Amino acid sequence: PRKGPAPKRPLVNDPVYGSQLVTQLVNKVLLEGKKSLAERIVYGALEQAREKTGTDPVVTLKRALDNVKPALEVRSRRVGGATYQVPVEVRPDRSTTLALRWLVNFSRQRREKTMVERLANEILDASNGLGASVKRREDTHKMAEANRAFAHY
Amino acid sequence: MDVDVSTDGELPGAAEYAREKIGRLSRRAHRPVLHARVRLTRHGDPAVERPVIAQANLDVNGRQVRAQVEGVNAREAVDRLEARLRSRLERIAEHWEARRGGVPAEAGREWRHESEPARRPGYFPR
Amino acid sequence: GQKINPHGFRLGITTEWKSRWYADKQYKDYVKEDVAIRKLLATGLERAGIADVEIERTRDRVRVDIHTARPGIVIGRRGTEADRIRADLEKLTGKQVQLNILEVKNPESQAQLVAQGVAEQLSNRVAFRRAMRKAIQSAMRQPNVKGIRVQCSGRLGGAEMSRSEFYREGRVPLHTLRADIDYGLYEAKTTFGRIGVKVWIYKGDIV
RNA sequence: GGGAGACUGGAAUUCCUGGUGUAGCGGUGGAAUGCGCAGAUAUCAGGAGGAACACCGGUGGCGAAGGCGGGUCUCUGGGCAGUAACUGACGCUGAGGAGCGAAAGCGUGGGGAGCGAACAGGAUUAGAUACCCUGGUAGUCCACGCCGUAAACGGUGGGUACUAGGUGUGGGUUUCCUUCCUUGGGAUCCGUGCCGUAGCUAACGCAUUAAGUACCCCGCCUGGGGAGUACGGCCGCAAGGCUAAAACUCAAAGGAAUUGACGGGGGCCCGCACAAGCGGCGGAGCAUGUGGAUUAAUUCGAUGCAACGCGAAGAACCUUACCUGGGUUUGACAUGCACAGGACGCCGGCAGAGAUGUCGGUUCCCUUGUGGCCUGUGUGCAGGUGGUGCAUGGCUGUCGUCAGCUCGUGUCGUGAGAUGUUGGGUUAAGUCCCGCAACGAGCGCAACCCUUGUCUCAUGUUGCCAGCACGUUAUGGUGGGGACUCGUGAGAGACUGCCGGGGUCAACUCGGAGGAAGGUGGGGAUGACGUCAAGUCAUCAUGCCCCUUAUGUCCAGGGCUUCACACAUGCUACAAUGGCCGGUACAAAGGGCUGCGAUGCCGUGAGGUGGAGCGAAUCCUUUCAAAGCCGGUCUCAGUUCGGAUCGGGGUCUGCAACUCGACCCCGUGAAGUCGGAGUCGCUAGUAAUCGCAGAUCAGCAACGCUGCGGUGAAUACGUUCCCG
RNA sequence: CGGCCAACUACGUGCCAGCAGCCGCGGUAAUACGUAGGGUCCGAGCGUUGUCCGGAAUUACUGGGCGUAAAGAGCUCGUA
């Protein structure tokens, strides 16, 4: 990345849902290359969500993503020999990445005895705006706002 | 400050002197010292004018500080090693007092690598 | 360790193996007898320049071909030298061993002979600059030689400090695979120690 | 703006008074002392006082130098130009001497706004008698006197004459373009800068304002310290200044310039260097290496990157180099000189831990000169993993697969040296292009080599089987067949080749088509001159030194495995993305002759018996896997997690598993709840994870190393910071 | 008897004993120490010490300098 940007990997659309986002989600939950287990977990969580709410799972997944998607983030900047927490605008792709990573992790530290159940509960509460990922977005926005004085550089 | 000395061959009392001298350098270090090792070696060849070789390694909060000297006996080598280590620790400080003269100053006077670039308008001043 | 041996770099491409036989169960003892033959020939003959020794084997009969710059020295007019080498090669458990003594066409274009001569001159009394200059000039005088580098290191001139010196003339492209680099190394025996002489000779390329 | 005196102006700071007006102000890299809430800071009006004079205002003017700019008035010094009226050499320098002489300081008397030594707190720091902050006294200011020093420097004494020019700028006189407005231009005199000849200089540089060419006068120097110090003297209120030694000590101290290296100097670039991510180490248990300690010995070597699962690709005996003890000496092993021989040599017995010793049986072929064997006696000698990798060769690591390192001739310089190799662009690249006192060349870069990705021809066994027949479940199993894979030979294919656009119409660059592949396709091998007296006399070889009834050499036993600790690399976990049980599917690569070893049978299991077939595209390693998929169970617990430790029982290898092997069975069931400071690897078939194989090897300490395939991510905004 | 400065090897020793006018030589392989061979220079002499001149243009009359190497008084006026 010294000589310029690197190309992005065009991951394929999912077969049984036809959405880019679910493939991104399965790649986020993937561990040690066991892709089949990751797909089983994601599909099971989506089906659990569909059973609980009664509608399409992708729409509620998108609602949760929008509820946990951040817009303002803070990065340490060194200008003139001094470092400060500068609020910075987040590009759409990085916002989707951050939202998915937050969802997967905060589901990993739930207490629902199974990762499929934890993931389903986390996505449902994120849809309704009660998840811990929603909270995390709240604190990141709060921190970005509280350092607004440093946004001029 | 705990120091481990790994000598070799014949160097009686070199370990104790080296430990006592090196352990006094902890207060000079501005960050906690995680590890400290000293090695004393002697040259087999009698033709070597400075046979004894002393080396040190300190882990100053992740920053590696090392020095190496030669002497005619253990005491001189240890003392020269202590001097070299003190110089290195002085040059390593990196707290505010050690970097207050290098921080860019003024507004337009003086220029440095990390000096803040001047803000320029779109249109030429004229 | 800087440069790999030039012969081994081009072993499958330009240069060729100096031992030609096939063995599956008897590879190990074949190797043992080959190295025994080589060391015997190295120790026995030193006057005539022994540039290369090839060994060929086929069941009972063993064929050993050697190249020297003075074939008359190593061969007996009545076969006395031939008798001695034949008998003590039979004693090497070689069963039937036959010898084809040969001669090199241009001794000054052969790296091993050049190094041998330079080291022999170095041993007695000669300053190393003289030896390197003479060898370089003699080799470049030959028609096919396109470049020669001579390097010797050690206690040159009986000094207490070891030194490395080298002179080059022409082109010696060590990194080029197709270029054939003739490599020769031989150690000079002096009263103050051992001096090693390496010679690289470049004569065109083989495609 | 030459100096002295008097008077006087406005902006701003501070303070005081009075309004409005509230809760902070002030200060810093970040804060705190501090001020304010008793009314601060802010804003307005008024008043007092002191000091300095924005713009004009500059490398511009004046002064002998120090130095000199708010305005006005008074007194006063010097300079320059023109006319050349006057005098007629009245000139120059100047030892001593006299005068002036920044700032600080001193005395007496005033003044005192701001600033501010000292001094107080605050902060930073390991410590801050400092830098930074808040206060703040002398002082800074005035009058009159002392002092008499400065990087008081142009580090260049004064006067004079001469020696190419070009171009700014200040003061004044004059001819011609002439509008005569205009730096019009010229000439001339006096200043003040820059650039440049000749010349000078060690060089840097100076160069009509000389550091050039000469003449007159003055001051000063004679190696560096001691020392501008002591003593004496003079001056001073004092501080102190001026004049000014020696003893002793060093073999230098110095000036300019060159090449490197370095910088908490600048510019331009790179790299998993950082940033964005994923997984770890540091915590636990165990494996392995090292330090330390211990021991009779714990053989030796390796100490940042670049030592520490390293030499060791295999320590029970051997290895083995160490310790204890027991033997032996031309020796355990070579070759030569001699005297005696027909035996050496084996085969058994006994003693011994064994080395070894002794006893019983067997005895040379040449050919007459002796040759092969050994004996002893010997004698040269062998033999050292004894020392020095700072005496070495060879081999290797490393900066670094970074792009750099040099040479010939020419030119510049007294010379070290420089140029080429720098400048603009470009590249992964000293790669290339354009320029250029340089023109070329060499080692490097790249290419040529291997593997991998596509296709064509050839090719059919032990390899394929699509179309045909025989098959019995057991399948290419079998007759047969090149079709498709595959194996291995040859070849084609990527060359910015083509198109469009940027580009100096140049390098190069962006995009598109075709193609299996696009811009060195992916990965290897290949490591310039050198550096680090880097490593290795323990692979080997080797100079010198040392041992030689031993530091050689044989043997048994022990040790290299010791353990209060420390460090390093790993493996296994701490679980439900999981544990256990059952079923079930897909690899590649490699190995095998006194080796792989199948079917079968016996064990629960290591395994035992047995031996089919295989020097192997055939047989065996099972027909080959594990993660994977399906089903059942466990239900968040120190648990059906975790397996350490320990008890008992076995198997195999081996002469022999006590020290000190691996594996199997039953029982036992520790720490461990995701790990502080800190730190590591990785950019795609990569990280993570899963299994398989090989070397060493009787067995194994292998969780190590070298390979092979399965499943297979996230992220890179960008170079400010860390490292090179 | 290393170079100045004619004239080199072996043995002994090893940062010792020692040498030395200066530079500097002694660290088990010293042309520099000590001793022997050999050599060179002088020779009834040969070396050492002391003192003066030369080399020294290093007090420069012959025959030196003062921008940065030591060296222009801080600047003027003016007496001999």
# chains A, B, ... in the order shown; residues from 1 in each chain; ligands from 1
>>> residues_around(residues="range 12-17 of chain E", least_positions_apart="2", cutoff="12 Å", atoms="only C-alpha atoms (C1' of nucleotides)", output="VMD selection string")
(chain B and resid 46 to 49) or (chain E and resid 10 19 25 to 30 33 to 36)
>>> interface_residues(of="chain C", to="chain E", cutoff="12 Å", atoms="only C-alpha atoms (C1' of nucleotides)", output="list in words")
residues 158, 160, 191 and 192 of chain C
>>> interface_residues(of="chain D", to="chain B", cutoff="6 Å", atoms="only C-alpha atoms (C1' of nucleotides)", output="NGL selection string")
:D and (126 or 264 or 291 or 388 or 678)
>>> atom_distance(atom1="CA of residue 31 in chain A", atom2="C1' of residue 276 in chain D")
19.5 Å
>>> atom_distance(atom1="CA of residue 196 in chain C", atom2="CA of residue 110 in chain C")
17.2 Å
>>> interface_residues(of="chain A", to="chain B", cutoff="7 Å", atoms="only C-alpha atoms", output="PyMOL selection string")
chain A and resi 79-81
>>> interface_residues(of="chain D", to="chain C", cutoff="10 Å", atoms="only C-alpha atoms (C1' of nucleotides)", output="list in words")
residues 390, 391, 392, 393, 394, 395, 396, 397, 398, 441, 442, 443, 444, 447, 448, 449, 525, 526, 527, 528, 533, 541, 542, 543, 544, 593 and 615 of chain D
>>> select_by_dssp(residues="range 38-182 of chain C", states="strand (DSSP E)", output="JSON, numbers by chain")
{"C": [50, 51, 52, 53, 54, 55, 56, 57, 58, 61, 62, 63, 64, 65, 66, 67, 68, 96, 97, 98, 99, 100, 101, 102, 103, 147, 148, 149, 150, 151, 152, 153, 154, 163, 164, 165, 166, 167, 168, 169, 170, 179, 180, 181, 182]}
>>> write_last_selection(atoms="C-alpha atoms", output="short mmCIF file (atom, residue, chain, number, x, y, z; two decimals), in the first residue's frame")
data_model
loop_
_atom_site.label_atom_id
_atom_site.label_comp_id
_atom_site.auth_asym_id
_atom_site.auth_seq_id
_atom_site.Cartn_x
_atom_site.Cartn_y
_atom_site.Cartn_z
CA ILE C 50 46.32 -33.65 -13.89
CA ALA C 51 43.46 -31.54 -15.22
CA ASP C 52 40.64 -34.07 -14.91
CA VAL C 53 39.94 -37.72 -14.10
CA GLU C 54 36.93 -39.57 -15.51
CA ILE C 55 35.69 -42.95 -14.31
CA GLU C 56 33.43 -45.25 -16.33
CA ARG C 57 32.20 -48.60 -15.06
CA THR C 58 30.35 -51.53 -16.61
CA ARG C 61 35.47 -53.82 -16.34
CA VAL C 62 36.32 -50.31 -15.13
CA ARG C 63 37.45 -47.56 -17.51
CA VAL C 64 39.37 -44.59 -16.11
CA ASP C 65 40.34 -41.73 -18.42
CA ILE C 66 42.62 -38.93 -17.25
CA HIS C 67 43.75 -35.72 -18.94
CA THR C 68 47.25 -34.41 -18.31
CA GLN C 96 39.43 -55.42 -14.59
CA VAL C 97 40.58 -51.79 -14.76
CA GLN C 98 41.84 -50.25 -17.99
CA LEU C 99 43.36 -46.80 -18.50
CA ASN C 100 43.11 -44.31 -21.37
CA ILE C 101 45.80 -41.68 -20.84
CA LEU C 102 45.04 -38.47 -22.75
CA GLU C 103 46.46 -34.99 -23.30
CA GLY C 147 37.82 -13.75 -20.16
CA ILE C 148 39.87 -15.00 -17.23
CA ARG C 149 39.77 -14.09 -13.55
CA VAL C 150 42.48 -15.25 -11.14
CA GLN C 151 42.08 -14.92 -7.38
CA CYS C 152 44.34 -16.18 -4.61
CA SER C 153 44.07 -15.56 -0.89
CA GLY C 154 45.99 -16.33 2.27
CA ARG C 163 44.70 -10.95 2.15
CA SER C 164 42.54 -11.60 -0.90
CA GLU C 165 43.64 -10.32 -4.31
CA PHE C 166 42.22 -10.80 -7.79
CA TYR C 167 42.68 -9.55 -11.34
CA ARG C 168 40.24 -9.94 -14.22
CA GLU C 169 40.49 -9.45 -17.97
CA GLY C 170 37.59 -9.51 -20.39
CA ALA C 179 28.05 -19.28 -20.55
CA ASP C 180 30.60 -22.01 -19.88
CA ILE C 181 32.87 -21.00 -17.00
CA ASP C 182 35.84 -23.30 -16.50
#
>>> residues_around(residues="residue 140 in chain A", least_positions_apart="2", cutoff="8 Å", atoms="only C-alpha atoms (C1' of nucleotides)", output="list in words")
residues 70, 72, 73, 74, 136, 137, 138, 142, 143 and 144 of chain A
>>> select_by_dssp(residues="chain A", states="alpha helix (DSSP H)", output="NGL selection string")
:A and (20-29 or 35-53 or 57-68 or 92-108 or 115-128 or 132-146)
>>> residues_around(residues="residue 9 in chain A", least_positions_apart="3", cutoff="10 Å", atoms="only C-alpha atoms (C1' of nucleotides)", output="PyMOL selection string")
(chain A and resi 6+12) or (chain D and resi 684)
>>> residues_around(residues="residue 152 in chain A", least_positions_apart="5", cutoff="12 Å", atoms="only C-alpha atoms (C1' of nucleotides)", output="PyMOL selection string")
chain A and resi 77+79+84-88+147
>>> atom_distance(atom1="CA of residue 134 in chain C", atom2="CA of residue 117 in chain C")
10.2 Å
>>> interface_residues(of="chain D", to="chain A", cutoff="8 Å", atoms="only C-alpha atoms (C1' of nucleotides)", output="PDB file with N, CA and C atoms (P, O5', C5', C4', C3', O3' and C1' of nucleotides), in the first residue's frame")
ATOM      1  P     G D  29       3.258  25.684  23.732  1.00  0.00           P
ATOM      2  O5'   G D  29       3.138  24.100  23.653  1.00  0.00           O
ATOM      3  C5'   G D  29       2.885  23.447  22.422  1.00  0.00           C
ATOM      4  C4'   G D  29       2.594  21.983  22.627  1.00  0.00           C
ATOM      5  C3'   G D  29       1.512  21.659  23.637  1.00  0.00           C
ATOM      6  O3'   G D  29       0.218  21.770  23.079  1.00  0.00           O
ATOM      7  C1'   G D  29       3.382  20.237  23.961  1.00  0.00           C
ATOM      8  P     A D 576     -17.580 -22.827  23.527  1.00  0.00           P
ATOM      9  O5'   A D 576     -18.297 -24.106  22.922  1.00  0.00           O
ATOM     10  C5'   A D 576     -18.003 -24.549  21.607  1.00  0.00           C
ATOM     11  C4'   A D 576     -19.196 -25.211  20.969  1.00  0.00           C
ATOM     12  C3'   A D 576     -20.476 -24.384  20.981  1.00  0.00           C
ATOM     13  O3'   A D 576     -21.207 -24.623  19.786  1.00  0.00           O
ATOM     14  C1'   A D 576     -20.842 -26.422  22.105  1.00  0.00           C
ATOM     15  P     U D 577     -21.364 -23.446  18.713  1.00  0.00           P
ATOM     16  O5'   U D 577     -20.186 -23.710  17.685  1.00  0.00           O
ATOM     17  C5'   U D 577     -20.108 -24.928  16.962  1.00  0.00           C
ATOM     18  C4'   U D 577     -18.977 -24.901  15.970  1.00  0.00           C
ATOM     19  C3'   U D 577     -17.578 -24.971  16.577  1.00  0.00           C
ATOM     20  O3'   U D 577     -16.720 -25.695  15.697  1.00  0.00           O
ATOM     21  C1'   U D 577     -17.777 -23.011  15.299  1.00  0.00           C
ATOM     22  P     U D 635     -26.748 -33.506  29.912  1.00  0.00           P
ATOM     23  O5'   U D 635     -26.629 -31.928  29.766  1.00  0.00           O
ATOM     24  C5'   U D 635     -25.634 -31.210  30.482  1.00  0.00           C
ATOM     25  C4'   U D 635     -25.487 -29.803  29.966  1.00  0.00           C
ATOM     26  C3'   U D 635     -26.640 -28.865  30.296  1.00  0.00           C
ATOM     27  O3'   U D 635     -26.131 -27.542  30.431  1.00  0.00           O
ATOM     28  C1'   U D 635     -26.439 -29.067  27.956  1.00  0.00           C
ATOM     29  P     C D 636     -26.406 -26.704  31.769  1.00  0.00           P
ATOM     30  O5'   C D 636     -25.122 -25.778  31.910  1.00  0.00           O
ATOM     31  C5'   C D 636     -23.902 -26.285  32.438  1.00  0.00           C
ATOM     32  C4'   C D 636     -22.723 -25.471  31.974  1.00  0.00           C
ATOM     33  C3'   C D 636     -22.942 -23.961  31.959  1.00  0.00           C
ATOM     34  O3'   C D 636     -21.718 -23.303  32.266  1.00  0.00           O
ATOM     35  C1'   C D 636     -22.404 -24.695  29.790  1.00  0.00           C
ATOM     36  P     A D 688      -0.603 -19.396  10.201  1.00  0.00           P
ATOM     37  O5'   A D 688      -2.157 -19.624  10.407  1.00  0.00           O
ATOM     38  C5'   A D 688      -2.835 -19.049  11.511  1.00  0.00           C
ATOM     39  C4'   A D 688      -4.257 -19.534  11.564  1.00  0.00           C
ATOM     40  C3'   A D 688      -4.427 -21.036  11.708  1.00  0.00           C
ATOM     41  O3'   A D 688      -4.365 -21.461  13.055  1.00  0.00           O
ATOM     42  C1'   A D 688      -5.742 -20.280   9.916  1.00  0.00           C
ATOM     43  P     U D 689      -3.557 -22.786  13.449  1.00  0.00           P
ATOM     44  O5'   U D 689      -4.488 -23.967  12.939  1.00  0.00           O
ATOM     45  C5'   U D 689      -5.810 -24.114  13.428  1.00  0.00           C
ATOM     46  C4'   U D 689      -6.647 -24.953  12.499  1.00  0.00           C
ATOM     47  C3'   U D 689      -6.138 -26.355  12.225  1.00  0.00           C
ATOM     48  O3'   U D 689      -6.464 -27.271  13.250  1.00  0.00           O
ATOM     49  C1'   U D 689      -6.734 -25.329  10.193  1.00  0.00           C
ATOM     50  P     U D 711     -10.129 -28.853  -1.697  1.00  0.00           P
ATOM     51  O5'   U D 711     -10.715 -28.116  -0.420  1.00  0.00           O
ATOM     52  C5'   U D 711     -11.738 -28.715   0.355  1.00  0.00           C
ATOM     53  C4'   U D 711     -11.941 -27.985   1.653  1.00  0.00           C
ATOM     54  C3'   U D 711     -12.075 -26.482   1.549  1.00  0.00           C
ATOM     55  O3'   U D 711     -13.361 -26.072   1.138  1.00  0.00           O
ATOM     56  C1'   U D 711     -10.614 -27.018   3.315  1.00  0.00           C
ATOM     57  P     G D 712     -13.548 -24.638   0.463  1.00  0.00           P
ATOM     58  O5'   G D 712     -13.352 -23.637   1.675  1.00  0.00           O
ATOM     59  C5'   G D 712     -13.095 -22.267   1.443  1.00  0.00           C
ATOM     60  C4'   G D 712     -12.073 -21.731   2.404  1.00  0.00           C
ATOM     61  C3'   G D 712     -11.262 -20.563   1.891  1.00  0.00           C
ATOM     62  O3'   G D 712     -11.948 -19.335   1.967  1.00  0.00           O
ATOM     63  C1'   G D 712      -9.804 -22.144   2.798  1.00  0.00           C
ATOM     64  P     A D 713     -12.511 -18.673   0.623  1.00  0.00           P
ATOM     65  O5'   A D 713     -12.648 -17.136   0.992  1.00  0.00           O
ATOM     66  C5'   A D 713     -11.590 -16.458   1.643  1.00  0.00           C
ATOM     67  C4'   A D 713     -11.885 -16.254   3.104  1.00  0.00           C
ATOM     68  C3'   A D 713     -11.795 -14.822   3.594  1.00  0.00           C
ATOM     69  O3'   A D 713     -12.972 -14.081   3.349  1.00  0.00           O
ATOM     70  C1'   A D 713     -10.551 -16.201   5.024  1.00  0.00           C
ATOM     71  P     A D 714     -12.883 -12.672   2.593  1.00  0.00           P
ATOM     72  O5'   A D 714     -12.457 -11.663   3.739  1.00  0.00           O
ATOM     73  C5'   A D 714     -13.230 -11.546   4.920  1.00  0.00           C
ATOM     74  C4'   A D 714     -12.481 -10.783   5.975  1.00  0.00           C
ATOM     75  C3'   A D 714     -11.931  -9.441   5.534  1.00  0.00           C
ATOM     76  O3'   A D 714     -12.889  -8.404   5.608  1.00  0.00           O
ATOM     77  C1'   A D 714     -10.224 -10.666   6.582  1.00  0.00           C
ATOM     78  P     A D 716      -9.916  -2.282   3.593  1.00  0.00           P
ATOM     79  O5'   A D 716      -8.453  -1.814   3.184  1.00  0.00           O
ATOM     80  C5'   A D 716      -7.719  -0.938   4.022  1.00  0.00           C
ATOM     81  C4'   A D 716      -6.276  -0.841   3.604  1.00  0.00           C
ATOM     82  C3'   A D 716      -6.022  -0.514   2.147  1.00  0.00           C
ATOM     83  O3'   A D 716      -6.158   0.862   1.854  1.00  0.00           O
ATOM     84  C1'   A D 716      -4.635  -2.297   2.797  1.00  0.00           C
ATOM     85  P     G D 718      -6.550   6.484  -0.798  1.00  0.00           P
ATOM     86  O5'   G D 718      -5.511   7.225   0.141  1.00  0.00           O
ATOM     87  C5'   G D 718      -4.126   6.987  -0.003  1.00  0.00           C
ATOM     88  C4'   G D 718      -3.376   7.359   1.244  1.00  0.00           C
ATOM     89  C3'   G D 718      -1.869   7.296   1.129  1.00  0.00           C
ATOM     90  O3'   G D 718      -1.347   8.466   0.529  1.00  0.00           O
ATOM     91  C1'   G D 718      -2.566   6.232   3.128  1.00  0.00           C
ATOM     92  P     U D 719       0.233   8.681   0.397  1.00  0.00           P
ATOM     93  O5'   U D 719       0.653   9.262   1.813  1.00  0.00           O
ATOM     94  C5'   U D 719       1.988   9.676   2.041  1.00  0.00           C
ATOM     95  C4'   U D 719       2.438   9.368   3.441  1.00  0.00           C
ATOM     96  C3'   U D 719       3.952   9.318   3.615  1.00  0.00           C
ATOM     97  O3'   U D 719       4.297   9.832   4.897  1.00  0.00           O
ATOM     98  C1'   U D 719       3.017   7.257   4.259  1.00  0.00           C
ATOM     99  P     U D 720       4.669  11.384   5.058  1.00  0.00           P
ATOM    100  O5'   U D 720       3.929  11.813   6.398  1.00  0.00           O
ATOM    101  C5'   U D 720       4.292  13.001   7.080  1.00  0.00           C
ATOM    102  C4'   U D 720       4.028  12.876   8.555  1.00  0.00           C
ATOM    103  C3'   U D 720       4.805  11.786   9.271  1.00  0.00           C
ATOM    104  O3'   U D 720       6.110  12.195   9.629  1.00  0.00           O
ATOM    105  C1'   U D 720       2.526  11.663   9.878  1.00  0.00           C
ATOM    106  P     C D 721       7.308  11.130   9.675  1.00  0.00           P
ATOM    107  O5'   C D 721       7.018  10.288  10.990  1.00  0.00           O
ATOM    108  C5'   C D 721       6.909  10.929  12.247  1.00  0.00           C
ATOM    109  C4'   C D 721       6.315  10.008  13.277  1.00  0.00           C
ATOM    110  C3'   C D 721       7.056   8.702  13.482  1.00  0.00           C
ATOM    111  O3'   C D 721       8.164   8.846  14.345  1.00  0.00           O
ATOM    112  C1'   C D 721       4.746   8.271  13.252  1.00  0.00           C
TER     113        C D 721
END
>>> residues_around(residues="residue 111 in chain C", least_positions_apart="5", cutoff="7 Å", atoms="only C-alpha atoms (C1' of nucleotides)", output="ChimeraX atom specification")
/C:182-184,199-201
>>> write_last_selection(atoms="N, CA and C atoms", output="PDB file, in the first residue's frame")
ATOM      1  N   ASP C 182      34.942 -22.251 -16.968  1.00  0.00           N
ATOM      2  CA  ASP C 182      35.837 -23.297 -16.499  1.00  0.00           C
ATOM      3  C   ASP C 182      36.447 -22.867 -15.173  1.00  0.00           C
ATOM      4  N   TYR C 183      36.251 -23.675 -14.139  1.00  0.00           N
ATOM      5  CA  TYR C 183      36.633 -23.322 -12.781  1.00  0.00           C
ATOM      6  C   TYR C 183      37.724 -24.259 -12.287  1.00  0.00           C
ATOM      7  N   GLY C 184      38.773 -23.687 -11.706  1.00  0.00           N
ATOM      8  CA  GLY C 184      39.867 -24.473 -11.176  1.00  0.00           C
ATOM      9  C   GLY C 184      40.385 -23.955  -9.852  1.00  0.00           C
ATOM     10  N   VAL C 199      40.629 -20.025 -10.156  1.00  0.00           N
ATOM     11  CA  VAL C 199      40.695 -19.515 -11.517  1.00  0.00           C
ATOM     12  C   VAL C 199      39.342 -19.710 -12.178  1.00  0.00           C
ATOM     13  N   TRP C 200      38.816 -18.647 -12.774  1.00  0.00           N
ATOM     14  CA  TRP C 200      37.640 -18.713 -13.627  1.00  0.00           C
ATOM     15  C   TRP C 200      38.059 -18.341 -15.038  1.00  0.00           C
ATOM     16  N   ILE C 201      37.685 -19.165 -16.010  1.00  0.00           N
ATOM     17  CA  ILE C 201      37.975 -18.897 -17.412  1.00  0.00           C
ATOM     18  C   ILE C 201      36.678 -18.986 -18.199  1.00  0.00           C
TER      19      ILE C 201
END
>>> residues_around(residues="residue 40 in chain B", least_positions_apart="2", cutoff="12 Å", atoms="only C-alpha atoms (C1' of nucleotides)", output="ChimeraX atom specification")
/B:4-19,37-38,42-43,51-56,68-71,73-78,81 /D:303
>>> closest_residue(among="D:703, D:516, D:625, D:55", to="residue 571 in chain D", atoms="only C-alpha atoms (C1' of nucleotides)")
D:703
>>> closest_residue(among="A:100, A:45, A:68, A:59", to="residue 24 in chain A", atoms="only C-alpha atoms")
A:100
